[PDB]
């Protein structure tokens, strides 16, 4: 089967052969978008093109975009290690039409790449599609132009409980380009738990969302209103890791060549032997987001972007502790990461030493309180009555030991214990009030 690197290249070669300009991945950190925490989609760097505010010399493009979904609109941090399909850091394979072609050709390009004997040659019978319930045009295209049996074409409405809140209406953020979308799913087989999209068991890892094709139609305003974009356009994204899993005949993203090698490296540096422990997968995921974020300019801090980075690093270090790592380990995974990323790791390779030192320093800093804080948490959990850690304790772990509340919640979750988030926030607010009273005007 093809390597992850070969799949990345083949995707780009396909679209290039179809006249799409190959454009380099943007950074994970925007310089000119105040609404965006980290790059969460291939379309981010083309936002102004979709808005009609910018025009490129090309009207169609293709990229393999590094994305982090660990905050803001699209945040999958709490899914990591609990599913076979979710990462913080991942590559999104995309094609884009800037007032060029539209619905039919977008769908045809995707179906051709996926199912043609000349291309990925996926078994057509294992592919399912969803359309936005009101998108009769997309439904007809799949049914009559492509020829998907009706039983595998699923209509999805506003299933997220609000207008335009839907798995089939994609939004860049609370504001920005958005529109109805159609998604392609692959059935990994009945040996995996789960049902098809729209079903009660849709959330299982059996039927995996591979490729989202967005028909960009609106610019969402903060008040929730939808202003039409000047030219209906196309924004698509396919998870490189998810399509690699399909192509490499495995079911989990973590079983692709890239992650198998990386997970072996995690075992080596932590001293773990059971290659099935979920902490190995969590750490393998986390080094990707942490290392690339630092390469793209983020420094650990207690505010904004720096704090999200700090939170992920510390959670990774905590998982290393659970695995029994005896010495500083996280920075040692940068080399191994560079080795599996191919050309997509060039920005990280360029700054290897710098990224390693930032990670080493952060882990060493956290180690000043990690074990002591875990000791306290164990003490408090041992005498805890009920299923919920009190907010005062969570806040003490935060204030004294530098445990982000989500790190505390992560440890507790592994023991089926919840954290009183409201209580934590009340304690934080009480401290804010003390700070105000003491500081004065």
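Residue numbers count along the first chain shown, from 1. Under this definition, the rigid core comprises the largest set of C-alpha atoms superposing within 1.5 Å between the forms.
Superposing the other copies on the rigid core and comparing 108-116 to 159-167, farther C-alpha placement in 4 other deposited structures of this protein marks 159-167. For the pair 223-231 and 207-215, greater average C-alpha departure from the shown form in 4 other deposited structures of this protein after core alignment is found in 223-231. Averaged over Cα atoms, the B-factor as recorded in the entry is higher for 188-196 than for the other of 129-137 and 188-196. 403-411 and 52-60 differ in mean CA B-factor, and the higher of the two is recorded for 52-60.
Of the candidates 67, 376, 389, 37, the PDB record gives 389 the highest C-alpha temperature factor. In the PDB entry, the Cα temperature factor peaks, among 306, 224, 177, 180, at 224. When the modelled residues of the chain are ordered by their C-alpha B factor, residue 424 lands in the highest third. Looking at the C-alpha B-factors along this chain, the one for residue 434 belongs to the middle third. Among the modelled residues of the chain, residue 47 sits in the lowest third by CA temperature factor in this PDB entry. In the PDB entry, a CA B factor belonging to the lowest third of its chain's modelled residues is recorded for residue 104.
The PDB entry assigns residue 242 a C-alpha temperature factor belonging to the lowest third of its chain's modelled residues.
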